[PDB]
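*Asks:*
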Amino acid sequence: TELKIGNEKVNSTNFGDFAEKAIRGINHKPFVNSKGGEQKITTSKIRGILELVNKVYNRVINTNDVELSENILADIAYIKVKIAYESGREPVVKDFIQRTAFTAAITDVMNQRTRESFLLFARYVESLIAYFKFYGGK
Amino acid sequence: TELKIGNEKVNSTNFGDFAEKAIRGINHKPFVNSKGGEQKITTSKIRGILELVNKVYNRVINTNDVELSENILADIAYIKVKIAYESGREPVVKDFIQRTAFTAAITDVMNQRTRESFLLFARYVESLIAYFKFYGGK
Amino acid sequence: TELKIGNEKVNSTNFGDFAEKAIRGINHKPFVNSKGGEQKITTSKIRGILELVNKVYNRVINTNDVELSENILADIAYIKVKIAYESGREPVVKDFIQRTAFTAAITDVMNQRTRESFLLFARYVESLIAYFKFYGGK
Amino acid sequence: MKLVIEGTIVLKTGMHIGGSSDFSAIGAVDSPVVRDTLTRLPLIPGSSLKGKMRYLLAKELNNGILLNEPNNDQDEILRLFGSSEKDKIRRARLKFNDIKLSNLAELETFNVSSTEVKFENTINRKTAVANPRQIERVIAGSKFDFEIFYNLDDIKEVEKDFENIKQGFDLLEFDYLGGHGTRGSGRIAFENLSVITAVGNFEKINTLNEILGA
Amino acid sequence: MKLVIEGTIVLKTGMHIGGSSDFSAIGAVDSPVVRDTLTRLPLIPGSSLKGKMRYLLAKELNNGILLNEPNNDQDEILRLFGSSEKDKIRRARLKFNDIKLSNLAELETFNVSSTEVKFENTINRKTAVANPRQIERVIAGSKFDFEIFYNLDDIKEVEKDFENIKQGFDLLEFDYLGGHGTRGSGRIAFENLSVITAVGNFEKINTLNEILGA
Amino acid sequence: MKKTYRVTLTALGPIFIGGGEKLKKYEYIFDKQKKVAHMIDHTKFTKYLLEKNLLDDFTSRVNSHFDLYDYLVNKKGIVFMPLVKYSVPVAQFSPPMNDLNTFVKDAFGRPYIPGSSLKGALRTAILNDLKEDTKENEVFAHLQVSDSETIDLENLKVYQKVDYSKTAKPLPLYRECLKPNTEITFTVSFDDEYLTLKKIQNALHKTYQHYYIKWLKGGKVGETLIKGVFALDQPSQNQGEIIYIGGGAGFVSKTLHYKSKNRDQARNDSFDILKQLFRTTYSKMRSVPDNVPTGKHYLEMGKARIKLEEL
RNA sequence: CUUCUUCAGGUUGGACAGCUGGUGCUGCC
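Protein chains in written order, with the entry's author numbering: chain D, 12 to 149; chain C, 12 to 149; chain E, 12 to 149; chain H, 1 to 214; chain I, 1 to 214; chain J, 1 to 93, 107 to 242, 255 to 318, 335 to 352.
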């Protein structure tokens, strides 16, 4: 219930505000391309990241178990691997992950292993997508 | 009481009058889209707002704590995140969310962190939907 | 659920971290060749290896079996044949395979003969490649 | 005297019964299935099963047509499902129950959960653009053990009551239960239909089984 | 009544229908098929069949001009498929069901799986860059045995309904069922088409078969 | 309104299209005694290995080469028939099998040309008009191209790829192909409103002319005319019934700008666009002919014909 | 001994939203 986004602990009530801060910071000061250009992360890529989070959240949510089992933690480690792959492929995705603590959040969930920790992580990612849609637009 | 809105203050006695004023302001001068307007929000789009609020009202209506619990506060923050997200999807929803200052009321509820504040906010939203009814329809 | 590559490999909280540290150890000390080090083994050698592992994985996923059939075991044997040939082609593939214990993982999944170990090993190899792209490039 | 009608409801296709109480994320599910709040186990509400069975049976028994109000159905439906008419109140001889799924251990043997996610969409015939949804759905092969209470009031017309009970069950078998049935979902089957005495013993209880199993 | 429209659909070229909710791997498959959760068998969603049939029948019954809202179609389409038009809400006569793969035995003897993975390309005449994808397609040579229930609201509206159903099935023959159908995938053929009554017997049901089995 | 014009594929030339790749002779036999080649199945091979040497021992003996023509009958002395599915004769005109290409084949062994491959081919054919409608055009997004149908199994014949530039030097990559005089059929239908029979006839005629009279004659006469002639008949002007179906034939069929320009101008634009690709300068894209068993006949890999009939 | 391993859009949209019936009667000063 106490995520560790970056250097600031994230509780169960400031996920929306901190995700809004993350999106506004990226929107105000965006990533600079290698070839002297400006671009953001597309809605398709963040939607794919949310889908990845939705794959595991759809099975976690239909439970009352306090701690996630080994299969859920395996899927979370796999999602972290895919996060690393996306970061290594497109530098804008790496920038989006690094400006947030999406890797640090997934590592905190992996270390906590509790159901409520991943529930807060899903809330935070959902709010990131929400404030991308609100601020970035379409 | 003490529910800030942005330009005025709705106390526990003054939610219905403000809701009717906001609905009249909505009914007057409908929204302007790309094609000069002009359609108004649907009953099954303020639906979503109403069940979103009720999904916490049902859990707070039956209790006796003066201050809302960390689980209720998290769900109110999630309502704020959701209403931010869905406003970016449709503009005819965003004018409803802005002209009727939902976000300021939600933020004040999250700042007061009291049961009566959220009850007043829910009463305001319910009166808002009730007043959208009997003026429009469909 | 449990793999042996020399360092008590586990499905949960273990495959991604260990693949990442193997990739880092590869990159920390670049391979030594004649007469200059840092051969920079491209994705072309890493893919193809991934392609064989993933075609076997494609045939495995649509099979709900605790144990792998003899066809899948022969596919893993052909995987080992391809890896041995590719390593024999140039020494940098030998270094990549030996340091990441690809052959050890193949032998361990050949000994265990269960779908769980094969999916763990495929997940592990995908972790290797994802972290290679994350900490490397091209 | 009172009788208990046991039996199992087996899903043939995915079955979705709506009703939503909390926390529908923005990329995961848009219509969850009704679940037992404590155990999180999906259930078939007795209201929905009773309503669908009553609709099908009332339509079948009347003329094949059914446009009336529930308190003006046929006398068999009125006496078996109840009637709230002012001067003519029929007390229901059936008490449906909420039906939780029973073979969760059997499902876990197959390394699956009891619910799936179904991805649908609608295609606007103007622009051919798709609008995706995400329906939670209880997987086919799920089994729901049920119990219906029959209040044995009239000792003689119990046989006709049970023939109509079996007829309604069979109407459900060639129809759907809950949710988007016409679009593939909702198919069910009935098995192990057995009536037993709640307390004591009933003279025609071996007859009531053979008019339930056949 | 409860006429039951049975048959079999066979794929001539590999058909793709999505809706998986599993982790796509780095190089394994970028888009798998929709399958049953319990049996892991490829699935044809009765919603997909119903939607494609409604599109194809509606467009051919609208002089090749389909532009309206689904609830704003001709009367026959609504009375077969349903509509929530405000006053005269029409119940769908056709009850499609999620169609599961049937001929796994012959495929197993053929040493083949029910699905294959195809690599095609995303190449460009311009600066030479290709974006390879991985489409999982149900093997051509797959049989899906279906059962579509039917409601006989009026005896006048049975032969027209069934000839329209047959022509809707035969319009799918010169078309696909779903997925990347514009690019050589999804060709389907219907065989063993027929109909039977669920309960009892129906007069002139052979007229339905002579316009549905031929 | 949509109509049905059944079309066939008399693939008079051998075909190649990509669906995958395979490495050196580690699972296929390239014999040289009676000049035949072989490709293995899977399940029978698995059972054979199960009733023979262990899989790890099989693996531990690869040091490149590992040729399967001198091992299965010499180091094992057993019949190769249980491990062949589409065995195929080979005749070449001499640099050994460096690597082998795989035509795309569905799960039942059989070869076919998938959908969207014919869509790319018909894009480079019928897109002679404009160069803007590549995503939203109804000429394909309202067309319904289908897969190819059965391609025969007894018509497989391995062929050598050769060079045309003033010498017939063999090239390292070989490939099994489909022998000539084989007939394939389709069921490809289309509408009339936005793909008209007179329009398609005009399109095929104009593309055929702009290929033959404009480009092909200059290439044939530019470097060598006697190289093709052993026969090199190449029937022509027959209502435009020539299709370069498949691949491994040339870069002209990939880039479509020389059907609406002048020879010097089209070659100038081609030079401008190919300066960004590869570091070798060349006047034109040299051909890759083959040899058929002997009559030294050079034929471009991937020919076909077009014909339309009702129903 | 090469060259990308998927990219870009739609993430639910409308329709109904609680109706009918009872509604303190009897016993005591």
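Backbone N, C-alpha and C fix where the C-beta goes; we use that ideal spot for every residue, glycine too.
How is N65 (chain C) classed by DSSP in three states: helix, strand or coil?
*Replies:* Residue state, collapsed to three classes: helix.
*Asks:* Give the secondary structure of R137 (chain I) by DSSP, where H, G and I count as helix, E and B as strand, and everything else as coil.
*Replies:* DSSP places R137 (chain I) in strand when its eight states are reduced to three.
*Asks:* Check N206 (chain H) in the structure and name its three-state DSSP category.
*Replies:* In this structure, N206 (chain H) counts as helix in the three-state DSSP scheme.
*Asks:* Measure the beta-carbon distance from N69 (chain D) to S21 (chain I) and round it to whole angstroms, keeping in mind my assumption that it falls under 8 Å.
*Replies:* Confirmed, about 7 Å.
*Asks:* Considering only residues of the same chain and omitting the five flanking positions on each side of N131 (chain I), which have a CB-CB separation below 7 Å?
*Replies:* Closer than 7 Å at the Cβ level, and outside the excluded window around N131 (chain I), lie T122.
*Asks:* In angstroms, rounded to a whole number, what distance separates the CA positions of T10 (chain J) and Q214 (chain J)?
*Replies:* Whole-angstrom Cα-Cα distance: 19 Å.
*Asks:* So if DSSP puts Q157 (chain J) in a beta bridge, which residue, or which two residues, is it bridged to?
*Replies:* DSSP lists J:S202 as partners of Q157 (chain J).
*Asks:* Can you confirm whether the region 49–60 of chain J touches the region 81–98 of chain E when touching is taken to mean that 3 or more C-beta pairs between the two stretches lie within less than 8 Å?
*Replies:* Cβ pair count under 8 Å is three or more, so yes.
*Asks:* Would you report the Cα separation of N316 (chain J) and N111 (chain I), rounded to the nearest angstrom?
*Replies:* One C-alpha to the other measures close to 36 Å.
*Asks:* Spatial neighbours of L72 (chain J) within its chain, please: C-beta separation below 7 Å, excluding the five flanking residues on both sides.
*Replies:* Hits under 7 Å: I29, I78 and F80.
*Asks:* So for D86 (chain D), helix, strand or coil by DSSP?
*Replies:* Residue state, collapsed to three classes: helix.
*Asks:* Quick one: Cα of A28 (chain H) to Cα of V67 (chain D), how far?
*Replies:* If you take the alpha carbons of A28 (chain H) and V67 (chain D), they lie about 9 Å apart.
*Asks:* Answer with yes or no whether the minimum CB distance from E62 (chain C) to chain H is below 9 Å.
*Replies:* It does: the Cβ of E62 (chain C) has a partner Cβ on chain H nearer than 9 Å.
*Asks:* Taking only three categories from DSSP, how would you classify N192 (chain H)?
*Replies:* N192 (chain H) falls in the strand class under three-state DSSP.
*Asks:* So does the region 20–37 of chain E actually touch the region 139–148 of chain E, counting three or more Cβ pairs closer than 8 Å?
*Replies:* Yes: the two stretches touch, three or more of their Cβ pairs being nearer than 8 Å.
*Asks:* Which word fits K3 (chain J), buried or exposed, when buried means at least 16 other C-beta atoms lie within 10 angstroms of its C-beta?
*Replies:* Exposed.
*Asks:* Using a cut-off of 7 Å between C-beta atoms, extract the partners of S21 (chain I) located in chain D.
*Replies:* Neighbours of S21 (chain I) on chain D, chain order: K66 and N69.
*Asks:* Tell me whether the beta-carbon of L63 (chain D) lies closer than 9 Å to the beta-carbon of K93 (chain D).
*Replies:* Their beta carbons are under 9 Å apart, which means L63 (chain D) touches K93 (chain D) by this criterion.
*Asks:* With which residues is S64 (chain J) paired in a DSSP beta bridge?
*Replies:* Looking at the DSSP assignment, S64 (chain J) forms no beta bridge with any residue, so it has no partner.
*Asks:* With the cut-off set at 9 Å, would you say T115 (chain J) and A85 (chain E) are in Cβ contact?
*Replies:* Their beta carbons are not under 9 Å apart, which means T115 (chain J) does not touch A85 (chain E) by this criterion.
*Asks:* Hey, would you say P32 (chain I) sits closer than 9 Å to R54 (chain I), going by beta carbons?
*Replies:* Contact flag unset, no.
*Asks:* Looking only at its own chain, which residues have a Cβ that is under 6 Å from the Cβ of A138 (chain J), when we skip the five neighbours before and after it?
*Replies:* Once the five neighbours on either side are set aside, the close Cβ partners of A138 (chain J) are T220.
*Asks:* Tell me which residues share the same chain as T8 (chain H) and place their Cβ nearer than 8 Å to its Cβ, disregarding the 5 neighbours each side in the sequence.
*Replies:* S102, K143, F144, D145, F146, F190, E191 and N192, listed in sequence order.
*Asks:* Given a threshold of 16 other Cβ atoms within 10 Å of its Cβ, counted over all protein chains shown, does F276 (chain J) qualify as buried or as exposed?
*Replies:* The residue in question, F276 (chain J), is exposed, as its Cβ has fewer than 16 Cβ neighbours within 10 Å.
*Asks:* I'd like the list of long-range same chain contacts for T207 (chain H), defined as Cβ closer than 8 Å, with 5 residues on each side in sequence excluded.
*Replies:* Here the set comprises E159.
*Asks:* Does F146 (chain I) have its Cβ less than 9 Å from a Cβ in chain J?
*Replies:* Answer no: the Cβ-Cβ gap between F146 (chain I) and chain J never drops below 9 Å.
*Asks:* Excluding sequence positions up to five away, which residues of its chain have a Cβ less than 7 Å from the Cβ of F96 (chain H)?
*Replies:* Only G46, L49, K50 and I148 meet the Cβ criterion.
*Asks:* Around the C-beta of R58 (chain C), are 16 or more other C-beta atoms found within 10 angstroms, so that it is buried, or is it exposed?
*Replies:* Exposed, by the Cβ-count rule.
*Asks:* Is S185 (chain I) close to chain E? Criterion is C-beta to C-beta, closer than 9 Å.
*Replies:* With 9 Å as the cut-off, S185 (chain I) does not count as an interface residue toward chain E.
*Asks:* Using three-state DSSP, classify residue 325 (chain J) as helix, strand or coil.
*Replies:* In the model shown, chain J runs from 318 to 335 with nothing in between, leaving residue 325 (chain J) without coordinates.
*Asks:* Under the three-state reduction of DSSP, which class applies to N121 (chain H): helix, strand or coil?
*Replies:* Three-state DSSP puts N121 (chain H) in a strand.
*Asks:* When the Cα of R123 (chain J) is compared with those of J:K44, J:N63 and J:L191, which residue comes out closest?
*Replies:* Considering only alpha carbons, the answer is J:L191.
*Asks:* Three-state secondary structure (DSSP) at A130 (chain H)?
*Replies:* It is a strand residue.
*Asks:* Hey, quick one: how far does the alpha helix (DSSP H) through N215 (chain J) stretch, first residue to last?
*Replies:* Where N215 (chain J) is concerned, the enclosing alpha helix (DSSP H) stretches over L210 to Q222.
*Asks:* Contact criterion: CB-CB distance below 9 Å. Does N25 (chain D) meet it with respect to chain C?
*Replies:* Answer yes: the Cβ-Cβ gap between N25 (chain D) and chain C drops below 9 Å somewhere.
*Asks:* Please list the partners that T125 (chain E) has in chain D, where partner means a Cβ-to-Cβ separation under 7 Å.
*Replies:* None at all; the shortest Cβ gap to chain D is about 15 Å.
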